[PDB]
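Given as structure tokens, the chain that follows is alone and in the form deposited without the DNA.
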């Protein structure tokens, strides 16, 4: 067990992958109150550790979902909404399609793309984050 001081030290020495765009801060910034799906997606995209199931493609704000179900799950376990899955996640993406926040790339299986002006909202450029995340 050890003490709290050892716990902090150890976590600070081990845990080393904090998302560049935390959905939480983003909701506070946009004053959206409750966490939003598009904000959550950004958090996962600006987190190297998640590059296993979700990452940028290198072309603008385009990103692919290597494992859609992993996003859906982490989406349901983050909003404390276990009743949330890939299906209840697919409904959220189409809303974003009609609201022009995220568009699906034609031909691709699970390759979406943010179509709103993120650069003016986040302050970062696509190529910038791409470099901060070692995007390939």
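Basically, rigid core = biggest C-alpha set you can superpose within 1.5 Å across the two forms. Positions refer to the first chain, counted from 1.
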query	finding
Residue range whose averaged C-alpha B-factor is higher in the record, 111 to 119 or 11 to 19	11 to 19
Entry-level comparison of average CA B-factors, 58 to 66 and 79 to 87, reporting the higher stretch	79 to 87
Criterion, highest CA B-factor; candidates, 32, 39, 100, 46	32
Relative C-alpha B-factor of residue 130, binned into the chain's lowest, middle or highest third	middle
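There is another form of this protein, the form deposited with the DNA bound, and it is not shown here; the text below is about that form.
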{"property": "Contact flag, residue 51 vs the DNA in the deposited bound form, heavy atom cut 4.5 Å", "result": "no"}
{"property": "Interface membership of residue 96, the DNA in the deposited bound form, 4.5 Å heavy atom rule", "result": "yes"}
{"property": "Residue 46, heavy atom within 4.5 angstroms of the DNA in the deposited bound form", "result": "no"}
{"property": "Partner proximity in the deposited bound form: residue 37 to the DNA, non-hydrogen atom cutoff 4.5 Å", "result": "yes"}
{"property": "Heavy atom within 4.5 Å of the DNA in the deposited bound form - qualifying residues of 88 to 110", "result": "88, 91, 92, 94, 95, 96, 97, 99, 104, 108, 109, 110"}
{"property": "Displaced position between the shown form and the other one, chosen from 93, 84, 50, 65 (C-alpha, 2 Å or more, rigid core)", "result": "84"}
